[PDB]
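A.B. asks: Encoded as structure tokens, here's the structure I'll be asking about.
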Protein chains: 2
Amino acid sequence: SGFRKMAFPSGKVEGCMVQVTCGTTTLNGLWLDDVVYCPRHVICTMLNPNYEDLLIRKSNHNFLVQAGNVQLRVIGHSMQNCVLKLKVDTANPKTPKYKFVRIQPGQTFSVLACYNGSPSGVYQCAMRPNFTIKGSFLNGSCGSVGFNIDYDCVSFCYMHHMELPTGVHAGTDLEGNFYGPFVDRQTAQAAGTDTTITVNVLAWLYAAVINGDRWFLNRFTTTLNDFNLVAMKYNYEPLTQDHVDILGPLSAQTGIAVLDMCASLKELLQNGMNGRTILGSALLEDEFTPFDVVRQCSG
Amino acid sequence: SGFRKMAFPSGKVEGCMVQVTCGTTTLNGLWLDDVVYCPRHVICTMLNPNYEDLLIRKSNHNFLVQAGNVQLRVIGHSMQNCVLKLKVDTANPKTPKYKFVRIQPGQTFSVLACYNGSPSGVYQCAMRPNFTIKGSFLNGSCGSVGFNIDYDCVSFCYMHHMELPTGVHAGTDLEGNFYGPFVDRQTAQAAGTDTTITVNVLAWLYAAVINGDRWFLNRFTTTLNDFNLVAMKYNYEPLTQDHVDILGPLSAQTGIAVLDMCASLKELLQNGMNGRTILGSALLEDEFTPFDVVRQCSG
């Protein structure tokens with residue numbers, strides 16, 4: 001029993017974190033096989049930097065890469081979108097089995113916050129519908145990565161690049177392509193309007209039922225269209241039939257039909273919680289996917 | 001910016017987790033140097049088990065210890081309070097620098113949830129004033145450990161033993177001494193009454209101010225005694241002068257005196273939050289220590 005925001009064990013990723021220094025900038029890099037990946041903003045030198053010109057002026061020896069207390073020699077450098085690939089003369093002996101995947105808004109992943117190539121903490125977060133993440137990052141955390149783990153394979157999905165003015169965070173996949181309409185140059189860029197991830201809220205209500213919270217349940221059911229008309233009013237994403245299908249296993253385990261739970265959510269949106277809590281929260285939580293619930297909760 | 005329930009990177013602990021099987025019971029063990037620590041309830045065979053008699057009837061070969069895909073040979077066994085020490089013929093090459101510390105109610109630690117010797121997730125939690133923890137554990141997680149990390153030293157503080165009827169969790173320090181009035185035998189034992197960890201709530205309010213949440217601040221201050229009279233009414237622990245002193249650095253950084261913040265907390269307890277949130281919560285959060293806030297928040 002119990003339900004926590006749970007991250008994946010971070011060991012396989014810790015073994016890949018290095019420090020990259022160039023000019024006056026120090027940030028984190030990801031060392032896999034004989035390549036170190038890091039944000040291209042480490043490049044020396046401004047409203048519209050031409051990174052291709054700035055990279056042509058650099059040499060391998062400008063890049064100081066430190067893996068623990070061992071310096072790695074850079075033998076090549078190239079740009080891939082907003083990421084820099086530093087070829088080094090040593091393959092990382094701790095390279096796990098890995099993949100570079102890009103995630104969808106509404107999906108979750110673990111973040112290994114790092115500073116000076118040294119991991120400091122691990123936490124879970126979700127890709128928001130507006131392609132920001134509500135992370136916890138201080139100056140120096142650029143290059144920290146987000147990931148999921150499937151049977152000892154690490155699927156890297158995020159590299160951290162910057163903080164937006166609202167305090168939320170933006171970054172790229174490991175091919176260097178930004179999530180969302182953000183750029184690695186100084187602009188007044190700002191997070192767009194966000195929404196609540198409805199399928200995740202429903203998943204979390206199933207987690208609550210699995211864990212003994214039942215006060216929000218009711219005898220009512222709703223149609224998908226009638227639910228979605230209430231969802232739109234409260235700035236919730238539309239619920240699709242695919243969402244309903246994905247919630248099937250949780251619905252079967254609890255014996256509560258998805259559209260039955262939808263009637264509960266409608267009432268919660270219209271009435272609030274009346275001083276009660278669900279899984280230790282007084283808010284409807286939307287950063288747990290159906291998979292996160294199945295993985296963590298009893299079968 | 002941002003504030004998350006953040007665990008310590010789990011790699012150093014992952015390298016110590018093993019599987020211990022004896023009889024029909026499989027659970028997790030902690031492999032440090034040439035000793036494997038695990039809950040003594042793995043011993044075969046009941047309302048009042050005499051574990052000393054049950055252990056005398058076991059042999060080294062009854063204990064199957066698996067570290068990854070390598071079996072470890074048990075060459076000795078002994079009891080230490082509610083923990084079993086299995087001496088093995090191989091020292092763990094991944095043993096970190098470590099200590100066995102016992103923590104105080106109100107302190108936090110990271111949990112590495114494990115099953116069959118395989119780590120599955122990492123999360124943060126607090127030792128409740130009633131010596132339970134609100135963990136997330138399924139059958140098979142016994143022997144999973146809790147820890148903090150200080151400059152590459154792992155301070156182990158918790159080994160998981162059981163779930164109480166309310167769904168919360170009880171365990172021991174790594175010397176096998178239970179936290180709280182709980183026993184590793186079948187009883188109607190139940191968590192005692194709990195309270196809210198006041199100094200942590202205040203720390204979290206300072207975190208909120210550091211992160212731009214200011215709506216709960218007011219011009220008022222209070223005396224310590226006047227605050228503590230309101231604390232007792234709302235089932236909050238007393239605030240001591242030591243608590244005030246410990247909050248000093250956060251008070252200095254924000255320029256908000258501790259008793260000034262106490263006046264904010266008093267108003268929040270008396271008025272609620274009026275539909276507003278603090279650091280993404282609609283509840284007053286008490287599982288972040290002053291140290292957790294300083295570590296994670298900007299300086």
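Just remember, in the structure tokens the first chain shown is A, the second B, etc., residues are 1-based per chain, and ligands are 1-based in the order shown.
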When the cut-off is 6 Å and we count only C-alpha atoms, which residues of chain A are near chain B, given as a ChimeraX atom specification?
C.D. replies: /A:1-3,6-11,121-123,135-137,167,282
A.B. asks: Quick one: pick out all strand (DSSP E) residues within region 35-237 of chain A from a backbone DSSP run and write them as a PDB file with C-alpha atoms, in the first residue's frame.
C.D. replies:
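Generated output (selection.pdb):
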```
ATOM      1  CA  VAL A  35      30.459  10.593 -27.047  1.00  0.00           C
ATOM      2  CA  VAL A  36      29.608  13.311 -24.518  1.00  0.00           C
ATOM      3  CA  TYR A  37      26.275  15.079 -25.156  1.00  0.00           C
ATOM      4  CA  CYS A  38      25.657  18.531 -23.712  1.00  0.00           C
ATOM      5  CA  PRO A  39      23.709  21.746 -24.430  1.00  0.00           C
ATOM      6  CA  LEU A  64      37.471  20.307 -20.759  1.00  0.00           C
ATOM      7  CA  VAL A  65      35.572  17.115 -19.904  1.00  0.00           C
ATOM      8  CA  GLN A  66      35.960  15.682 -16.398  1.00  0.00           C
ATOM      9  CA  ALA A  67      34.566  12.251 -15.478  1.00  0.00           C
ATOM     10  CA  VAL A  70      39.714  11.688 -14.708  1.00  0.00           C
ATOM     11  CA  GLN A  71      39.994  14.179 -17.550  1.00  0.00           C
ATOM     12  CA  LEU A  72      38.695  12.918 -20.899  1.00  0.00           C
ATOM     13  CA  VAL A  74      38.078  15.494 -26.709  1.00  0.00           C
ATOM     14  CA  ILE A  75      39.026  14.242 -30.187  1.00  0.00           C
ATOM     15  CA  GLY A  76      36.087  15.632 -32.168  1.00  0.00           C
ATOM     16  CA  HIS A  77      33.102  17.963 -31.900  1.00  0.00           C
ATOM     17  CA  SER A  78      29.922  18.401 -33.890  1.00  0.00           C
ATOM     18  CA  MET A  79      26.522  19.984 -33.500  1.00  0.00           C
ATOM     19  CA  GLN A  80      23.214  18.144 -33.607  1.00  0.00           C
ATOM     20  CA  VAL A  83      22.996  19.574 -28.538  1.00  0.00           C
ATOM     21  CA  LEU A  84      26.757  19.311 -28.899  1.00  0.00           C
ATOM     22  CA  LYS A  85      28.406  15.921 -29.478  1.00  0.00           C
ATOM     23  CA  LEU A  86      31.952  15.771 -28.074  1.00  0.00           C
ATOM     24  CA  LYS A  87      33.795  12.689 -29.288  1.00  0.00           C
ATOM     25  CA  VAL A  88      36.220  11.541 -26.601  1.00  0.00           C
ATOM     26  CA  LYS A  97      21.842  -0.326 -22.682  1.00  0.00           C
ATOM     27  CA  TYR A  98      20.075   2.814 -23.867  1.00  0.00           C
ATOM     28  CA  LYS A  99      17.771   4.516 -26.353  1.00  0.00           C
ATOM     29  CA  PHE A 100      17.010   8.126 -27.276  1.00  0.00           C
ATOM     30  CA  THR A 108       6.294  11.121 -17.009  1.00  0.00           C
ATOM     31  CA  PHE A 109      10.027  10.664 -16.512  1.00  0.00           C
ATOM     32  CA  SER A 110      12.696  10.785 -13.817  1.00  0.00           C
ATOM     33  CA  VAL A 111      15.141  13.709 -13.627  1.00  0.00           C
ATOM     34  CA  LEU A 112      18.682  13.323 -12.248  1.00  0.00           C
ATOM     35  CA  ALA A 113      19.567  16.861 -11.182  1.00  0.00           C
ATOM     36  CA  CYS A 114      23.328  17.361 -11.523  1.00  0.00           C
ATOM     37  CA  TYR A 115      25.860  20.101 -10.786  1.00  0.00           C
ATOM     38  CA  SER A 118      27.969  15.403  -9.802  1.00  0.00           C
ATOM     39  CA  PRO A 119      24.424  14.046  -9.286  1.00  0.00           C
ATOM     40  CA  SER A 120      22.552  15.771  -6.473  1.00  0.00           C
ATOM     41  CA  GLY A 121      19.009  14.398  -6.482  1.00  0.00           C
ATOM     42  CA  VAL A 122      16.369  12.462  -8.375  1.00  0.00           C
ATOM     43  CA  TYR A 123      12.694  13.248  -8.800  1.00  0.00           C
ATOM     44  CA  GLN A 124       9.733  12.488 -11.021  1.00  0.00           C
ATOM     45  CA  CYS A 125       7.956  14.925 -13.281  1.00  0.00           C
ATOM     46  CA  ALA A 126       5.648  15.129 -16.268  1.00  0.00           C
ATOM     47  CA  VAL A 145      18.865  14.520 -18.103  1.00  0.00           C
ATOM     48  CA  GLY A 146      15.444  12.938 -17.832  1.00  0.00           C
ATOM     49  CA  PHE A 147      14.847   9.255 -18.476  1.00  0.00           C
ATOM     50  CA  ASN A 148      12.733   6.157 -17.988  1.00  0.00           C
ATOM     51  CA  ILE A 149      14.040   2.639 -17.417  1.00  0.00           C
ATOM     52  CA  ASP A 150      12.548  -0.490 -19.019  1.00  0.00           C
ATOM     53  CA  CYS A 153      17.447  -0.217 -20.736  1.00  0.00           C
ATOM     54  CA  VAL A 154      17.610   3.541 -20.133  1.00  0.00           C
ATOM     55  CA  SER A 155      15.345   5.546 -22.480  1.00  0.00           C
ATOM     56  CA  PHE A 156      16.751   9.079 -22.313  1.00  0.00           C
ATOM     57  CA  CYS A 157      14.062  11.612 -23.170  1.00  0.00           C
ATOM     58  CA  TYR A 158      15.123  15.028 -21.875  1.00  0.00           C
ATOM     59  CA  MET A 159      18.175  17.254 -21.537  1.00  0.00           C
ATOM     60  CA  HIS A 160      17.772  20.407 -19.484  1.00  0.00           C
ATOM     61  CA  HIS A 161      18.538  23.771 -21.146  1.00  0.00           C
ATOM     62  CA  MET A 162      16.833  26.698 -19.418  1.00  0.00           C
ATOM     63  CA  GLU A 163      14.330  28.239 -17.015  1.00  0.00           C
ATOM     64  CA  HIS A 169      11.765  24.541 -17.349  1.00  0.00           C
ATOM     65  CA  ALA A 170      12.442  23.842 -21.005  1.00  0.00           C
ATOM     66  CA  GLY A 171      14.788  21.487 -22.775  1.00  0.00           C
ATOM     67  CA  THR A 172      15.343  19.118 -25.661  1.00  0.00           C
TER      68      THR A 172
END
```
A.B. asks: Check the DSSP output for the backbone and give back, as a PyMOL selection string, the residues of region 82-266 of chain A in helix (DSSP H, G or I).
C.D. replies: chain A and resi 198-210+224-233+241-246+248-254+258-266
A.B. asks: Put those residues in a file: C-alpha atoms, as a compact mmCIF listing (two decimals), in the first residue's frame.
C.D. replies:
```txt
# COMPACT_ATOMS: atom_id res chain seq x y z
CA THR A 198 -7.32 14.26 -17.63
CA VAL A 199 -6.34 10.62 -18.26
CA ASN A 200 -3.70 10.94 -15.53
CA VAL A 201 -6.17 12.38 -13.02
CA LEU A 202 -8.43 9.39 -13.72
CA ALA A 203 -5.47 7.03 -13.30
CA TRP A 204 -4.69 8.64 -9.93
CA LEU A 205 -8.31 8.25 -8.81
CA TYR A 206 -7.98 4.53 -9.59
CA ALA A 207 -4.78 4.48 -7.55
CA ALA A 208 -6.73 6.06 -4.68
CA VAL A 209 -9.44 3.39 -4.86
CA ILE A 210 -6.78 0.66 -4.93
CA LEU A 224 -17.87 10.49 -22.94
CA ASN A 225 -19.26 13.57 -24.71
CA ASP A 226 -21.05 14.81 -21.59
CA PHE A 227 -17.87 14.39 -19.58
CA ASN A 228 -15.78 16.20 -22.19
CA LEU A 229 -18.13 19.18 -22.10
CA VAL A 230 -17.39 19.49 -18.38
CA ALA A 231 -13.67 18.86 -18.94
CA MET A 232 -13.37 21.79 -21.35
CA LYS A 233 -14.98 24.18 -18.86
CA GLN A 241 -11.57 6.46 -26.47
CA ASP A 242 -7.89 5.51 -26.51
CA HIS A 243 -7.60 7.00 -23.00
CA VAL A 244 -10.61 4.91 -21.96
CA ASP A 245 -9.01 1.79 -23.46
CA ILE A 246 -5.70 2.51 -21.70
CA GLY A 248 -9.13 -0.64 -19.02
CA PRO A 249 -6.82 -2.72 -16.81
CA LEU A 250 -7.27 -0.34 -13.85
CA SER A 251 -11.03 -0.27 -14.42
CA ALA A 252 -11.11 -4.08 -14.44
CA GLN A 253 -9.01 -4.44 -11.28
CA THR A 254 -11.23 -2.04 -9.32
CA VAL A 258 -14.08 4.34 -16.76
CA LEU A 259 -17.20 6.42 -17.43
CA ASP A 260 -18.29 5.68 -13.85
CA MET A 261 -15.03 7.20 -12.57
CA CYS A 262 -15.60 10.07 -15.02
CA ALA A 263 -18.85 10.87 -13.18
CA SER A 264 -16.81 11.04 -9.95
CA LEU A 265 -14.33 13.43 -11.55
CA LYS A 266 -17.16 15.61 -12.87
```
A.B. asks: When distances are computed from only C-alpha atoms, which of B:247, B:142, B:271, B:292 shows the smallest separation from residue 184 (chain B)?
C.D. replies: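 Using only C-alpha atoms, the shortest distance to residue 184 (chain B) belongs to B:142.
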A.B. asks: Using only C-alpha atoms for the distances, tell me which of A:105, A:117, A:140, A:49 is nearest to residue 186 (chain A).
C.D. replies: A:49
A.B. asks: Report, in Å to a single decimal, how far apart CA of residue 179 (chain A) and CA of residue 132 (chain A) are.
C.D. replies: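 Here the two named atoms are 7.4 Å from each other.
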A.B. asks: Rank B:239, B:197, B:82, B:54 by their smallest atom-to-atom distance to residue 129 (chain B), using only C-alpha atoms, and report the top residue only.
C.D. replies: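 For residue 129 (chain B), the nearest of the given residues is B:197.
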A.B. asks: Separation of CA of residue 131 (chain A) and CA of residue 81 (chain A), in Å?
C.D. replies: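 Result for CA of residue 131 (chain A) versus CA of residue 81 (chain A): 17.7 Å, one decimal.
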